[PDB]
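K.L.:
I am attaching a structure below and will ask some questions about it afterwards.
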RNA sequence: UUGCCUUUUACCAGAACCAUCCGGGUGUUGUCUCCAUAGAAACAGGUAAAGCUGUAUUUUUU
Ligand SMILES: [Mg+2]
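Numbering (full-length UniProt numbering), first residue to last: 806 to 872.
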């Protein structure tokens with residue numbers, strides 16, 4: 806259990822870093838700043854995965870406490 | 001922080017910080033150079049030349 810805890814923590818940290826980075830990027834993209842074509846694709850990918858995660862979490866929520 | 005862009009150098013041109021560099025000033029020492037190269041002149045005056053002053057009838061002195 807302790808290991809599972811620790812890893813859960815560290816991925817939450819990493820996850821936090823990721824999500825915030827993504828958010829920063831998307832504002833940056835909106836602004837129309839210098840940004841790497843590759844970087845923009847990366848951000849698109851991240852934000853998609855993020856969106857899917859959000860979405861299916863909402864599905865879970867819907868299930869877990871009725872319509 | 002913007003721009004070109006989009007990958008970095010290289011860059012756009014603004015900011016704030018800072019540094020580098022091309023030079024500069026004096027002052028003092030010292031050297032290098034070109035010229036030099038005297039160990040004593042005044043006083044008494046005269047000569048000539050330079051620095052100031054001078055050319056009584058009510059308050060300065062007639
Ligand atoms: Mg590469």
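Cβ atoms here follow ideal geometry from the backbone N, Cα and C, with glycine treated the same way.
Should residue 848 and residue 865 be called a contact, given that it needs their Cβ atoms to be closer than 8 Å?
P.N.:
Within the first chain, numbered from 1, the residue matching residue 848 stands at position 43. Within the first chain, numbered from 1, the residue matching residue 865 stands at position 60. Their beta carbons are not under 8 Å apart, which means residue 848 does not touch residue 865 by this criterion.
K.L.:
Give the secondary structure of residue 807 by DSSP, where H, G and I count as helix, E and B as strand, and everything else as coil.
P.N.:
The sequence position of residue 807 within the first chain is 2, counting from 1. Correct three-state label for residue 807: helix.
K.L.:
Exposed or buried, residue 838, counting other C-beta atoms within 10 Å across all chains shown (16 or more means buried)?
P.N.:
The residue given as residue 838 occupies position 33 in the first chain. Classification for residue 838: exposed.
K.L.:
Could you tell me the alpha carbon to alpha carbon distance between residue 846 and residue 825, rounded to whole angstroms?
P.N.:
Against the first chain, residue 846 aligns to sequence position 41. Against the first chain, residue 825 aligns to sequence position 20. Near 16 Å, if we compare the C-alpha coordinates of residue 825 and residue 846.
K.L.:
CB-CB under 7 Å to residue 855, same chain, minus the five flanking residues each way: which ones, in chain order?
P.N.:
The residue given as residue 855 occupies position 50 in the first chain. Cβ within range, chain order: 824, 827.
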